[PDB]
Amino acid sequence: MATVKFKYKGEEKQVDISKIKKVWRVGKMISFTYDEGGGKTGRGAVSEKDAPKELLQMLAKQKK
DNA sequence: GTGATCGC
DNA sequence: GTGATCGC
């Protein structure tokens, strides 16, 4: 519902957090995948520092 | 290296 | 099997 903005292979992306498929923590990094067009899966990551709460709670609720 | 994945 | 990616 809210969005996450992140920079991936140069330049900024903004994705609806409803598209996020999987999220995991790597120390202070919040890493994820997300659904795109064409049946493809995108990757992105953000600092925990100001990560959207919607995304952080997904982390705490899944199941890897 | 780290966690996980894409895209070879 | 693995190189690049992401924040650190």
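Below, each value reflects all heavy atoms present in this structure, side chains not excepted, and no hydrogens, waters or symmetry copies. Throughout, a chain's letter reflects where its sequence line sits, starting with A, and its residues are numbered from 1.
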A:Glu48/A:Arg25 ion pair, N-O < 4.0 Å: yes
Between [N] ([atom2]) and [X] ([atom1]): distance, integer Å:
X	N	atom1	atom2	answer
A:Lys7	C:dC6	NZ	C1'	11 Å
A:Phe6	B:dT5	CZ	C1'	13 Å
A:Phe32	B:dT5	CZ	P	14 Å
A:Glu11	C:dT5	CD	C1'	17 Å
A:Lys5	C:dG7	NZ	P	15 Å
A:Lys28	C:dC8	NZ	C1'	8 Å
A:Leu59	B:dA4	CG	P	11 Å
A:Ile20	B:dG3	CD1	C1'	15 Å

Which residue lies more 5' along DNA chain B, comparing A:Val26 with A:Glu36 via nearest heavy atoms: A:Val26
A:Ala45 vs A:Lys40, nearer the 5' end of DNA chain B by closest nucleotide: A:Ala45
Please determine whether a side-chain nitrogen or oxygen atom of [X] lies at a distance below 4.0 Å from atom OP1 or OP2 of [N].
X	N	result
A:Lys64	C:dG7	no
A:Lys9	C:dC6	no
A:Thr41	B:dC6	yes

Torsion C1'-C2'-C3'-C4' of C:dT2, interpreted as north if positive, south if negative: south
Pucker family that the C1'-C2'-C3'-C4' torsion assigns to C:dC6: north
Output field: ring centroids A:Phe6/A:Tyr34 closer than 6.0 Å: yes
Closest non-hydrogen atom pair, A:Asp35 against A:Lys21: OD1-CD, 3.6 Å
Heavy-atom donor-acceptor pair, A:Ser47 side-chain to C:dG7 base, under 3.5 Å: no
Any N/O donor-acceptor pair, A:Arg43 side-chain to C:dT5 base, under 3.5 Å: no
Among C:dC6, C:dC8, B:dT5, the nucleotide that comes nearest once only the side chain of A:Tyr8 is considered: C:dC6
Verdict with reasoning, A:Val23 to A:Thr33, per side chain to side chain contact (heavy atoms under 4.5 Å, CB included): CA-CA 7 Å; A:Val23 36; A:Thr33 56; over 6 Å; no
Student check: side-chain heavy atoms of A:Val26 and A:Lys64 closer than 4.5 Å: no
